[PDB]
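Asker: My structure is in upload23.cif, and what it holds is mmCIF, N, CA, C and O atoms; chains and numbers go by the auth columns:
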```cif
data_work
loop_
_atom_site.group_PDB
_atom_site.id
_atom_site.type_symbol
_atom_site.label_atom_id
_atom_site.label_comp_id
_atom_site.label_asym_id
_atom_site.label_seq_id
_atom_site.Cartn_x
_atom_site.Cartn_y
_atom_site.Cartn_z
_atom_site.B_iso_or_equiv
_atom_site.auth_seq_id
_atom_site.auth_asym_id
ATOM 1 N N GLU A 1 0.854 -1.223 0.000 0.00 1 X
ATOM 2 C CA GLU A 1 0.000 0.000 0.000 0.00 1 X
ATOM 3 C C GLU A 1 0.878 1.256 0.000 0.00 1 X
ATOM 4 O O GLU A 1 1.256 1.757 1.042 0.00 1 X
ATOM 5 N N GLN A 2 1.199 1.764 -1.163 0.00 2 X
ATOM 6 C CA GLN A 2 2.052 2.990 -1.240 0.00 2 X
ATOM 7 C C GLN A 2 1.239 4.225 -0.843 0.00 2 X
ATOM 8 O O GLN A 2 0.097 4.121 -0.438 0.00 2 X
ATOM 9 N N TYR A 3 1.822 5.393 -0.953 0.00 3 X
ATOM 10 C CA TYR A 3 1.094 6.647 -0.580 0.00 3 X
ATOM 11 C C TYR A 3 -0.239 6.760 -1.323 0.00 3 X
ATOM 12 O O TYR A 3 -0.405 6.240 -2.410 0.00 3 X
ATOM 13 N N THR A 4 -1.190 7.440 -0.732 0.00 4 X
ATOM 14 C CA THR A 4 -2.522 7.601 -1.381 0.00 4 X
ATOM 15 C C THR A 4 -2.733 9.062 -1.789 0.00 4 X
ATOM 16 O O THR A 4 -3.788 9.630 -1.579 0.00 4 X
ATOM 17 N N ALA A 5 -1.730 9.673 -2.370 0.00 5 X
ATOM 18 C CA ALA A 5 -1.841 11.105 -2.799 0.00 5 X
ATOM 19 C C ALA A 5 -3.105 11.340 -3.620 0.00 5 X
ATOM 20 O O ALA A 5 -3.357 10.638 -4.565 0.00 5 X
ATOM 21 N N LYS A 6 -3.875 12.335 -3.290 0.00 6 X
ATOM 22 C CA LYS A 6 -5.103 12.622 -4.091 0.00 6 X
ATOM 23 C C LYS A 6 -4.979 13.999 -4.737 0.00 6 X
ATOM 24 O O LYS A 6 -4.455 14.928 -4.150 0.00 6 X
ATOM 25 N N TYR A 7 -5.443 14.126 -5.949 0.00 7 X
ATOM 26 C CA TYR A 7 -5.342 15.433 -6.662 0.00 7 X
ATOM 27 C C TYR A 7 -6.718 15.868 -7.172 0.00 7 X
ATOM 28 O O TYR A 7 -7.296 16.821 -6.683 0.00 7 X
ATOM 29 N N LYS A 8 -7.250 15.170 -8.142 0.00 8 X
ATOM 30 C CA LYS A 8 -8.594 15.528 -8.683 0.00 8 X
ATOM 31 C C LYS A 8 -9.560 14.359 -8.469 0.00 8 X
ATOM 32 O O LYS A 8 -10.109 13.814 -9.408 0.00 8 X
ATOM 33 N N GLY A 9 -9.757 13.966 -7.237 0.00 9 X
ATOM 34 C CA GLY A 9 -10.672 12.824 -6.947 0.00 9 X
ATOM 35 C C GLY A 9 -10.021 11.528 -7.427 0.00 9 X
ATOM 36 O O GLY A 9 -10.693 10.588 -7.808 0.00 9 X
ATOM 37 N N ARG A 10 -8.710 11.475 -7.417 0.00 10 X
ATOM 38 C CA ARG A 10 -8.000 10.245 -7.877 0.00 10 X
ATOM 39 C C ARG A 10 -6.744 10.017 -7.035 0.00 10 X
ATOM 40 O O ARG A 10 -5.781 10.754 -7.144 0.00 10 X
ATOM 41 N N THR A 11 -6.735 8.999 -6.211 0.00 11 X
ATOM 42 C CA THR A 11 -5.523 8.732 -5.383 0.00 11 X
ATOM 43 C C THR A 11 -4.389 8.244 -6.292 0.00 11 X
ATOM 44 O O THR A 11 -4.630 7.588 -7.289 0.00 11 X
ATOM 45 N N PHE A 12 -3.162 8.553 -5.963 0.00 12 X
ATOM 46 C CA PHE A 12 -2.019 8.104 -6.812 0.00 12 X
ATOM 47 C C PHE A 12 -1.170 7.084 -6.055 0.00 12 X
ATOM 48 O O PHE A 12 -0.684 7.345 -4.971 0.00 12 X
ATOM 49 N N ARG A 13 -1.000 5.920 -6.623 0.00 13 X
ATOM 50 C CA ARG A 13 -0.186 4.861 -5.960 0.00 13 X
ATOM 51 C C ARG A 13 1.001 4.501 -6.853 0.00 13 X
ATOM 52 O O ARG A 13 1.425 3.363 -6.914 0.00 13 X
ATOM 53 N N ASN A 14 1.529 5.472 -7.550 0.00 14 X
ATOM 54 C CA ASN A 14 2.688 5.212 -8.455 0.00 14 X
ATOM 55 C C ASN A 14 3.332 6.535 -8.874 0.00 14 X
ATOM 56 O O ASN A 14 2.666 7.438 -9.345 0.00 14 X
ATOM 57 N N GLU A 15 4.621 6.657 -8.695 0.00 15 X
ATOM 58 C CA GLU A 15 5.320 7.925 -9.072 0.00 15 X
ATOM 59 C C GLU A 15 5.161 8.195 -10.572 0.00 15 X
ATOM 60 O O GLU A 15 5.066 9.331 -10.997 0.00 15 X
ATOM 61 N N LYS A 16 5.134 7.161 -11.374 0.00 16 X
ATOM 62 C CA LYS A 16 4.984 7.348 -12.849 0.00 16 X
ATOM 63 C C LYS A 16 3.694 8.104 -13.164 0.00 16 X
ATOM 64 O O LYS A 16 3.653 8.965 -14.022 0.00 16 X
ATOM 65 N N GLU A 17 2.650 7.778 -12.465 0.00 17 X
ATOM 66 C CA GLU A 17 1.337 8.458 -12.692 0.00 17 X
ATOM 67 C C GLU A 17 1.405 9.907 -12.206 0.00 17 X
ATOM 68 O O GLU A 17 1.164 10.838 -12.951 0.00 17 X
ATOM 69 N N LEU A 18 1.730 10.095 -10.954 0.00 18 X
ATOM 70 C CA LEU A 18 1.820 11.476 -10.381 0.00 18 X
ATOM 71 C C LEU A 18 2.781 12.339 -11.202 0.00 18 X
ATOM 72 O O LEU A 18 2.495 13.485 -11.497 0.00 18 X
ATOM 73 N N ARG A 19 3.908 11.799 -11.584 0.00 19 X
ATOM 74 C CA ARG A 19 4.877 12.592 -12.399 0.00 19 X
ATOM 75 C C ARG A 19 4.243 12.987 -13.738 0.00 19 X
ATOM 76 O O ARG A 19 4.686 13.913 -14.390 0.00 19 X
ATOM 77 N N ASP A 20 3.211 12.290 -14.154 0.00 20 X
ATOM 78 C CA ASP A 20 2.549 12.623 -15.450 0.00 20 X
ATOM 79 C C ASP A 20 1.266 13.424 -15.206 0.00 20 X
ATOM 80 O O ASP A 20 0.859 14.217 -16.034 0.00 20 X
ATOM 81 N N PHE A 21 0.624 13.222 -14.079 0.00 21 X
ATOM 82 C CA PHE A 21 -0.636 13.976 -13.788 0.00 21 X
ATOM 83 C C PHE A 21 -0.339 15.466 -13.566 0.00 21 X
ATOM 84 O O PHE A 21 -0.631 16.297 -14.402 0.00 21 X
ATOM 85 N N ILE A 22 0.224 15.803 -12.427 0.00 22 X
ATOM 86 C CA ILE A 22 0.536 17.235 -12.107 0.00 22 X
ATOM 87 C C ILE A 22 1.262 17.896 -13.287 0.00 22 X
ATOM 88 O O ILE A 22 1.107 19.073 -13.550 0.00 22 X
ATOM 89 N N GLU A 23 2.043 17.126 -13.994 0.00 23 X
ATOM 90 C CA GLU A 23 2.782 17.679 -15.167 0.00 23 X
ATOM 91 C C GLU A 23 1.793 18.016 -16.282 0.00 23 X
ATOM 92 O O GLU A 23 1.987 18.955 -17.034 0.00 23 X
ATOM 93 N N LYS A 24 0.728 17.263 -16.384 0.00 24 X
ATOM 94 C CA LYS A 24 -0.291 17.537 -17.438 0.00 24 X
ATOM 95 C C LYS A 24 -1.318 18.540 -16.914 0.00 24 X
ATOM 96 O O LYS A 24 -1.530 19.584 -17.501 0.00 24 X
ATOM 97 N N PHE A 25 -1.954 18.234 -15.808 0.00 25 X
ATOM 98 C CA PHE A 25 -2.961 19.166 -15.239 0.00 25 X
ATOM 99 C C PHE A 25 -2.276 20.219 -14.361 0.00 25 X
ATOM 100 O O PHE A 25 -2.610 20.387 -13.204 0.00 25 X
ATOM 101 N N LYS A 26 -1.319 20.926 -14.908 0.00 26 X
ATOM 102 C CA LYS A 26 -0.604 21.973 -14.111 0.00 26 X
ATOM 103 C C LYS A 26 -1.563 23.091 -13.695 0.00 26 X
ATOM 104 O O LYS A 26 -1.311 23.814 -12.750 0.00 26 X
ATOM 105 N N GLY A 27 -2.653 23.236 -14.394 0.00 27 X
ATOM 106 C CA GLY A 27 -3.637 24.305 -14.051 0.00 27 X
ATOM 107 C C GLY A 27 -3.447 25.493 -14.995 0.00 27 X
ATOM 108 O O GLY A 27 -2.557 26.303 -14.814 0.00 27 X
ATOM 109 N N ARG A 28 -4.277 25.600 -16.000 0.00 28 X
ATOM 110 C CA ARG A 28 -4.155 26.734 -16.965 0.00 28 X
ATOM 111 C C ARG A 28 -5.531 27.345 -17.240 0.00 28 X
ATOM 112 O O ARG A 28 -5.743 28.479 -16.844 0.00 28 X
#
```
Could the structure of this file be written out as structure tokens, please?

Answerer:
Amino acid sequence: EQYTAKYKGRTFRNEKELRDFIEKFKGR
């Protein structure tokens, strides 16, 4: 059970995903 980081109603359990999410949904 890795970290449960949540951003847009989606917990992140993989650095590959988070490194691609915040990088894509940076907020514009």

Asker: May I have the protein, DNA and RNA residues with any atom at most 8 Å from the point (-0.9, 4.9, -1.0), counting all atoms listed in the file, written as a list in words?

Answerer: residues 1, 2, 3, 4, 5, 11, 12, 13 and 14 of chain X

Asker: Enter the distance from atom C of residue 10 in chain X to atom O of residue 27 in chain X, in Å, rounded to one decimal.

Answerer: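 That distance, rounded to one decimal, is 18.5 Å.
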
Asker: Can you list every residue in chain X that DSSP puts in strand (DSSP E), as a list in words?

Answerer: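 Selecting the strand (DSSP E) positions of chain X gives residues 5, 6, 11 and 12 of chain X.
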
Asker: Based on the backbone DSSP call, show me all residues of chain X assigned alpha helix (DSSP H), as a ChimeraX atom specification.

Answerer: /X:15-24

Asker: Report, in Å to a single decimal, how far apart atom O of residue 20 in chain X and CA of residue 8 in chain X are.

Answerer: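 So the answer is 12.0 Å.
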
Asker: I'd like the interatomic distance between atom N of residue 26 in chain X and atom O of residue 7 in chain X, to a tenth of an Å.

Answerer: 11.0 Å
